[PDB]
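Consider the single chain below, provided in structure tokens and representing the form deposited in one PDB entry.
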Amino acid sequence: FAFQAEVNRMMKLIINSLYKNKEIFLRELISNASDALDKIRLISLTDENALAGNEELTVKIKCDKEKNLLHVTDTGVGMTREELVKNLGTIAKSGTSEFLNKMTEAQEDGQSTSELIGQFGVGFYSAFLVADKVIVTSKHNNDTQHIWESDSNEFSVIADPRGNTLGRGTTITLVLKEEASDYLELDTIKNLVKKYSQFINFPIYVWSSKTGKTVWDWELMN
């Protein structure tokens, strides 16, 4: 079924073109990080032990020029394997089959083209506006650490062989597109994070340089 795949991918490449200011993806990822942090914070006000796997409550963003990666890590509630499968799996299933079904369903619901274009700019899915592949590493108090991966067509999830390295929380890793290389520039990231971190009740940091030789460390953005 390679033919339909060329149609599916092309349809996406075009919808993305409608978004000249894709920066919205960073706002949505920060918003999800914030919700996950509020959830574990609320739970901690009832059960102090709930923070046992990792005592801090933060969002840490880092750029990886070499691998062409953008990492967004929060120490929030995290997701179990089933959650990765149900909460992200279905949302990231925009392949030939899924895309067409939702399309004809779009005719049924009578949704407008605007309402279609709009779905590409909100929530977790907005990550694809700038990424070819998205990798999610998560650790929830009720499960072992897992890795989920998707290219917006298929998705797979397996137990992280490195074991529990997060303690608790989630890392969203974005494999950026060539045209999104901008989101690898230290100053662009700092500007956008500072822009969307104003109403989050948790410290958000960006890995940056300071200044002996030059040193790199977490710089507070809000």
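By rigid core we mean the largest C-alpha set that fits within 1.5 Å across both forms. Numbering starts at 1 and follows the sequence shown.
Note: missing coordinates for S94 occur in a third or more of the other compared entries bracketing this position. In at least a third of the other PDB entries of this protein that model the residues around it, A106 has no coordinates. The segment from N21 to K22 is modelled without interruption, since every residue of the deposited sequence in that interval carries coordinates.
Checked against the record, the higher mean CA B factor of 90 to 98 and 124 to 132 lies with 90 to 98. As recorded in the PDB entry, 106 to 114 is the stretch of 106 to 114 and 70 to 78 with the greater mean C-alpha temperature factor.
Annotation for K65: C-alpha temperature factor in the highest third relative to the rest of the modelled chain, per the entry. In the PDB entry, a CA B factor belonging to the lowest third of its chain's modelled residues is recorded for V59. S150: CA B factor in the middle third of modelled residues in this chain (values from the PDB entry). Sort the chain's modelled residues by C-alpha temperature factor and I204 lands in the lowest third, per the entry. Ranked within its chain, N142 lands in the middle third, by CA B factor from the PDB record.
This protein has a second form, the form deposited in another entry, left out of what is shown; the following refers to that one.
Once both forms are fitted on their core, the CA shift for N201 between this form and the one not shown remains under 2 Å. Taking the rigid core as fixed, one finds a CA shift for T144 smaller than 2 Å between this form and the one not shown. Core-superposed comparison between this form and the one not shown: the Cα of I135 travels less than 2 Å. Relative to the displayed conformation, the Cα-Cα distance from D132 to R9 grows by 3 Å or more in the other entry.
Between the C-alpha atoms of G121 and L37, a gap narrowed by no less than 3 Å is obtained in the other entry, as opposed to the form on display.
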